[PDB]
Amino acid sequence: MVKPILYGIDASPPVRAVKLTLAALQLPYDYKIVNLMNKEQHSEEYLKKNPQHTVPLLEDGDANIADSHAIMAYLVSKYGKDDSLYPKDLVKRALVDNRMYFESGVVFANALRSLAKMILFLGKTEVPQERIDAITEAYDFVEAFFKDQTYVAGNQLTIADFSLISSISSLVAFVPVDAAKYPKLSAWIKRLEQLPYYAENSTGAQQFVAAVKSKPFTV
């Protein structure tokens, strides 16, 4: 009976996407803190587990999986007692995959990580307008995802919603979501806030926001 181990810290958006998924699956697991501020991802012990020095990492028995999106797909496929969260139908799965690849690059790499690195790590107090533009571009794209639908990848909650909420709920540290401009995006956030296990995201999202607010900058 495998109980997996998750490595991470709650402030990290992709770690929170995996925390939401584990909670949705009601799957017990051990959680090991990798304090990124203590540069703990660069330890010799952790670099053996993950040469990319990133979190989250999941150890599942003898398996070692990095990347929140790979981890979430793996978790649902192995332990999911239905497949609503990651449907087996190929066209619907492709939409969930598409939305997670979108989160990986357009949201996380291009908008979030870039700006967070500048502010939280490099101590910059001025950032170019393009870093703010990356954020509003992401919001604009996600607003358009909804159409006549409730969630980012269909009419059911999927791991793509967990992926995208983890980062969008972090980006609001930099640019709050204008509810008038983004009504569908705002409603979707409100909907997810009502999940019984949403604190697996909101606690760390609030920590991320607090860390960002303590490092002011101009543009």
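One rule holds for the numbers: they count along the sequence shown, beginning at 1.
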### Message
Using only C-alpha atoms and the B-factors in the entry, which stretch averages higher, 45-53 or 149-157?
### Response
45-53
### Message
Per the record, averaged over C-alpha atoms, which has the higher B-factor: 134-142 or 97-105?
### Response
134-142
## Note on the structure
Of the residues 72, 115, 122, 85, the one whose Cα carries the largest B-factor in the deposited record is 122
### Task
Using the temperature factors in the entry, find which of 111, 90, 127, 76 has the highest value at its Cα atom.
127
### Task
Classify residue 38 as lowest, middle or highest third according to the C-alpha B-factor given in the PDB entry, relative to its own chain.
highest
### Query
Thinking about Cα B factors across the chain, which third does residue 62 belong to?
highest
### Chain thirds of CA B-factor: placement of residue 26
highest
### Task
Would you check the entry's CA temperature factor for residue 173 and let me know if it's in the chain's lowest, middle or highest third?
middle
### Query
Looking at the C-alpha B-factor of residue 179, is it in the lowest, middle or highest third of its chain?
highest
